[PDB]
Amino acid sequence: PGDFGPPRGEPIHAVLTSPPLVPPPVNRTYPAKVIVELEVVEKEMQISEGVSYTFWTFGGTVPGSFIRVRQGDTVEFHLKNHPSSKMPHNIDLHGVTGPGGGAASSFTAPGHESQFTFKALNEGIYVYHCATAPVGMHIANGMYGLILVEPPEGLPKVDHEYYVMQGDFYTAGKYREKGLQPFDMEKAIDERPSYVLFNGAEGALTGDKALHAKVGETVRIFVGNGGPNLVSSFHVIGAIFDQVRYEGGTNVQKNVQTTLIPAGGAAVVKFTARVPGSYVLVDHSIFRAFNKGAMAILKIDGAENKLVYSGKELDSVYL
């Protein structure tokens, strides 16, 4: 079970990436001791235009910092809780084998740092999240991210890797009602989200912050679903998934339009850019995408291929 022995070499200080970026491959044939530091920050951010929300974050972003390790690594986790935090936080990583996936070993009061160590026994793409009572509220405020545990051979090389995470959010106000929106427990219990978002905001991955790729380039997206409650009917408008690591497992389904991502679950999708234009990540529970903000953009630039996609060729009158 990832039995590649005791750690070797110098301890590696993991470099974490902010969404939507992914750390490079560990490019490593031996297990290492990997030191991971992650700081909780409670901060007001823009959930929608003119709409503020008090997010609780791992590394100041929703989703939180991406962590990349190799199956068989020993991970020395340091959870820091900023002095400015109103409350304690902890971490459950779905990649941990042990109680609370770390929750029991990571209670961190404001201004404190918890250290715990775990072996990454299983390859996969694992949701991590705060596991502080009430757990649903901590998740709903943005306390989730992904940790990639590579297989020992590493993943097949691609041109672009991206980090995207859906979440459902519960404001006291309705969708696009302006001002600082409190969290709404009643709506959260009833699974009636006001917003459904990729990367913590309407337009988090639109305009200048859109994902980018070129015609001919292979694209892998690690797609997390923090929930707390919703299951994503995950689709890219104008693309087909060549490969889906369905529910984030090792085995693949091929030629998929739309894949179900469980709440507190993940998937990996892979496809090749072939036509320039705007491609739209959506929850194909489609009112979420077009009426609650579940939309992110991948812009493809490069030469037109009119043999693959012509664009509109003729308009005519019809009786």
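Quick note: we count residues from 1 along the sequence shown, nothing fancier.
For the pair 230 to 238 and 188 to 196, the mean B factor over Cα atoms is greater in 188 to 196. Looking at 28 to 36 and 60 to 68 together, the entry lists the larger mean B-factor for 28 to 36, computed on C-alpha atoms. Ranking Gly249, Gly111, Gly98, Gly145 by Cα temperature factor from the entry places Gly111 first. Residue-level temperature factors show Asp208 in the highest third of its chain, judged at the C-alpha atom. Sort the chain's modelled residues by C-alpha temperature factor and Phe116 lands in the highest third, per the entry. When all modelled residues of the chain are sorted by CA temperature factor, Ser85 is found within the highest third. Among the modelled residues of the chain, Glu177 sits in the highest third by CA temperature factor in this PDB entry. Per the PDB record, residue ranking by Cα B-factor puts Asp73 in the highest third of the chain.
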